[PDB]
Amino acid sequence: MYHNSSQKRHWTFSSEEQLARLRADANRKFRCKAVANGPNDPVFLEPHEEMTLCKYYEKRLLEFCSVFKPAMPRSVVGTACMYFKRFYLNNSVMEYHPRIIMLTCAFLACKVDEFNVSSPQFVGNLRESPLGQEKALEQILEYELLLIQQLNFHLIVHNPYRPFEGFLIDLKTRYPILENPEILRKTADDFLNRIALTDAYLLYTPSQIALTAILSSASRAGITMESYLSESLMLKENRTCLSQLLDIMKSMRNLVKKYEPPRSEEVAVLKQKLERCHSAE
Amino acid sequence: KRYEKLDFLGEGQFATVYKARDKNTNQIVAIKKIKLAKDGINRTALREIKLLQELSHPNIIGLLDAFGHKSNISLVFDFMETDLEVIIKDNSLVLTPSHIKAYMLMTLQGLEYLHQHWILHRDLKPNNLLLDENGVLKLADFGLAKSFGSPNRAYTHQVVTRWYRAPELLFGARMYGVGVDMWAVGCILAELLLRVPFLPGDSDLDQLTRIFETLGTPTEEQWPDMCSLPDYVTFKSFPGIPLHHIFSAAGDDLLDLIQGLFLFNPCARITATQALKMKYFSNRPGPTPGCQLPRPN
Amino acid sequence: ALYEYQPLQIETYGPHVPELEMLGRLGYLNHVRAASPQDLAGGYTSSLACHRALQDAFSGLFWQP
Ligand SMILES: CC(C)c1cnn2c(NCc3ccccc3)cc(NC[C@H]3CCNC[C@@H]3O)nc12
């Protein structure tokens with residue numbers, strides 16, 4: 001349950017600039033280590049370039065999990081993407097290659113969410129030569145404990161998907177002003193897919209994320225839902241909680257608007273620098 | 001790696017367990033070092049890691065730390081001196097009604113918390129009810145424990161040790177809830193009272209025979225939809241033995257608890273919450289303090 | 001030194017979740033899939049799935065880090 005989770009306790013941060021510090025520190029430690037290993041050398045990635053590669057490899061994780069046979073449930077994909085985010089919070093993309101950690105994240109997520117895929121079924125989803133699938137499997141298993149150590153052994157991930165279903169039940173039963181809340185579902189799922197690309201999953205509760213997605217679908221539909229917040233969720237009695245909640249949903253929507261995708265020609269250069277840094281690791 | 005290995009505490013399928021001293025504090029801990037090809041880290045270890053990181057209750061085993069090397073992970077726990085199986089089998093210990101009340105109370109508290117966090121222990125038996133030196137019972141061995149309440153997942157039915165396995169699992173339920181742990185608490189309570197395995201069936205069909213012979217063959221009035229279960233086979237109509245002829249020393253309060261735990265219908269079978277609210281716990285005598293629970297020495 | 005049951009107070013930092021036996025009489029169960037006879041026979045009731053969904057929805061709704 002989220003309200004006493006390791007996720008709440010350790011992996012939900014106060015601001016986007018706290019995340020920036022963690023990542024800047026991880027980038028810095030790789031440089032500091034590599035220079036102590038034999039200092040402002042252009043072979044290194046800057047933290048914003050690591051961020052672009054993390055955004056790019058998040059997207060490839062999404063596509064890997066999308067095409068995955070047998071069909072990978074949405075909570076495994078969400079758990080994998082959360083691990084990928086959490087790994088590269090305290091770790092450099094220059095130390096551990098995101099293409100391997102992407103797959104290790106997916107592989108660990110399959111195990112943690114009881115999606116009992118066999119290792120041969122797993123690496124059979126890599127569009128690679130079978131020698132490369134077996135090589136990729138060795139790397140996946142080699143990095144697996146490293147992932148778990150870098151997650152601080154906090155393996156359960158609370159995704160917005162189940163809270164989203166809970167709000168869609170609650171809307172139907174308690175909020176008859178919104179007749180047919182399932183009109184919100186597609187456009188709320190669209191927002192949920194957008195907010196997953198941002199740092200929101202490290203900043204907000206999965207209930208806040210799910211509510212934001214629902215209310216943003218409703219505002220996009222011309223439906224006011226302030227009466228759901230005030231009357232149904234009882235926030236008429238605690239205006240100081242209504243304010244906080246509306247602030248959270250506002251900041252989360254602004255955090256989607258300020259999202260810029262990893263640009264294809266930017267990434268094409270950063271991948272070569274990433275590869276050069278891995279060749280000269 | 002802050003852990004000096006004292007003693008060897010046991011081996012099982014996935015792990016060897018050792019008593020260790022934590023050098024950083026001089027706490028005695030049990031390190032469960034996981035044993036091993038091309039599957040990576042063992043799922044039973046990851047199941048125990050993932051679930052016990054999210055639970056914090058006096059009567060559930062604390063995962064104090066975890067660490068490892070290349071696919072050989074090791075999990076550090078609270079050191080427990082004994083289990084309820086050792087108490088049950090130790091013919092020198094008297095299990096008074098207050099001792100049985102205390103053991104049941106702590107089990108149901110741990111199980112209430114666990115069920116409130118939507119986890120089934122799914123392997124409850126006297127081995128897995130460990131006792132610390134202060135006489136606090138903890139649920140342990142989370143190797144089969146699973147999150148429940150999600151329809152989008154099927155669960156296996158071969159997932160409590162046979163003698164503590166609920167009739168819905170023996171009839172092959174792939175969807176179930178707290179009834180699979182609450183039956184096993186029944187079986188443990190029965191074994192606390194009798195000092196012997198209550199329903200010691202040799203096979204799954206023999207387990208069903210033992211259950212129905214003891215508690216009566218369920219009617220479709222007792223357990224609606226029973227016939228729908230995948231591995232349902234009809235049995236001879238056993239009358240069952242009245243619970244006061246089984247539990248000759250049980251008061252009517254305790255018999256109501258036992259009866260609620262042993263209802264065939266897993267929906268009607270009492271939850272840990274409603275078990276704890278029963279007059280059995282509220283009545284005299286009080287449950288013994290942990291410091292006064294019988295210590296197999 | 002007798003037991004008395006205490007309701008197991010844990011802070012969910014979000015709105016009140018309606019209790020498991022209230023779910024049908026408050027109309028929540030109209031809006032989830034019914035438990036199949038197999039699921040019912042095993043002890044899954046869809047009050048379980050409903051209640052879990054409602055508990056997740058409200059879990060930390062009012063919490064900020
Ligand atoms: C891993 C952790 C949960 C743990 C803590 N103390 N402890 C002890 N202590 C000694 C002991 C001896 C006899 C009976 C019970 C306990 C033994 C032990 N053995 C491993 C399994 C065996 C089956 N019962 C559950 C145990 O965890 N596991 C543990």
Side-chain angles (χ1 to χ4, degrees), chain A residues 153, chain B residues 2-22 25-35 42-68 72-93 95 99 103 106-107 110-111 113-114 119-145 159-165 181 184-185 187-188 191-192 195 197 290 293-297:
Chain A
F153 295 79
Chain B
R2 48 187 273 181
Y3 295 112
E4 205 281 277
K5 177 182 294 189
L6 272 43
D7 311 329
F8 167 82
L9 294 178
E11 172 280 330
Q13 173 175 359
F14 307 97
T16 167
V17 185
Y18 302 93
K19 192 182 190 181
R21 188 203 311 103
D22 190 351
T25 173
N26 194 2
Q27 185 177 30
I28 307 294
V29 297
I31 315 290
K32 186 160 177 180
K33 180 169 178 183
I34 306 300
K35 300 188 307 183
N42 160 251
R43 286 186 193 67
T44 316
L46 289 168
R47 190 165 310 101
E48 191 159 71
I49 292 171
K50 80 190 177 219
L51 295 167
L52 296 175
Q53 288 278 61
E54 306 314 320
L55 297 168
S56 182
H57 186 257
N59 308 108
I60 292 163
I61 199 72
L63 180 55
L64 297 183
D65 187 24
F67 62 82
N72 64 351
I73 210 153
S74 57
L75 281 66
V76 183
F77 295 91
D78 329 326
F79 174 72
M80 311 302 286
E81 57 161 42
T82 192
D83 55 35
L84 203 65
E85 203 200 40
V86 172
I87 284 94
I88 288 166
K89 290 181 162 63
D90 186 4
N91 299 332
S92 78
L93 301 184
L95 280 167
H99 300 171
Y103 289 132
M106 289 186 289
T107 305
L111 207 63
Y113 177 91
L114 194 72
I119 297 151
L120 261 22
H121 195 292
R122 226 173 51 138
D123 201 40
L124 217 70
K125 59 168 170 293
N127 279 37
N128 287 352
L129 300 181
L130 294 175
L131 266 294
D132 63 26
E133 64 294 329
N134 289 88
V136 177
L137 185 149
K138 304 185 171 43
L139 276 57
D141 198 344
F142 281 78
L144 293 175
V159 63
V160 180
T161 301
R162 177 181 289 134
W163 301 350
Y164 314 86
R165 192 183 308 164
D181 301 345
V185 178
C187 296
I188 293 154
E191 178 171 349
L192 277 166
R195 308 292 293 268
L293 278 171
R295 306 181 51 50
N297 57 47

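Residue numbering restarts at 1 for every chain, and letters A, B, ... go by the order of the sequence lines. When a ligand or atom number is given, it counts from 1 through the structure's own listing order. Note that these values count all heavy atoms, side chains included, but never hydrogens, waters or copies made by symmetry.
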Legend entry - salt bridge (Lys or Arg N to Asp or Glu O under 4.0 Å) partners of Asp90(B), counting only residues at least two apart: none
Inset, instruction - For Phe14(B), enumerate each residue passing the ring-ring contact (aromatic ring centres under 6.0 Å, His included) test, keeping only those at least two apart in sequence or located in another chain. - result: none
Legend entry - Geometric cation-pi criterion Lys19(B) and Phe79(B), 6.0 Å radius, 45° cone: yes
Anything under 3.5 Å between an N or O on ligand 1 and a protein N or O? List each pair with its distance, or write none.
| from | atom 1 | to | atom 2 | distance (Å) |
| --- | --- | --- | --- | --- |
| ligand 1 | 6 (N) | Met80(B) | N | 3.1 |
| ligand 1 | 6 (N) | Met80(B) | O | 3.3 |
| ligand 1 | 9 (N) | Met80(B) | O | 2.8 |
| ligand 1 | 24 (N) | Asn127(B) | O | 3.0 |

Inset, instruction - Output every pair passing side-chain hydrogen bond (donor to acceptor under 3.5 Å, both in side chains) with a member in residues 78-88 of chain B, not counting sequence neighbours, ordered by first then second residue. - result: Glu81(B)-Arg295(B), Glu85(B)-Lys89(B)
Legend entry - With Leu75(B), the side chain to side chain contact (heavy atoms under 4.5 Å, CB included) member among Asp65(B), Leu64(B), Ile31(B), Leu63(B): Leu63(B)
Legend entry - Neighbour count >12 (heavy atoms, 6.0 Å) for atom NZ, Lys33(B): no
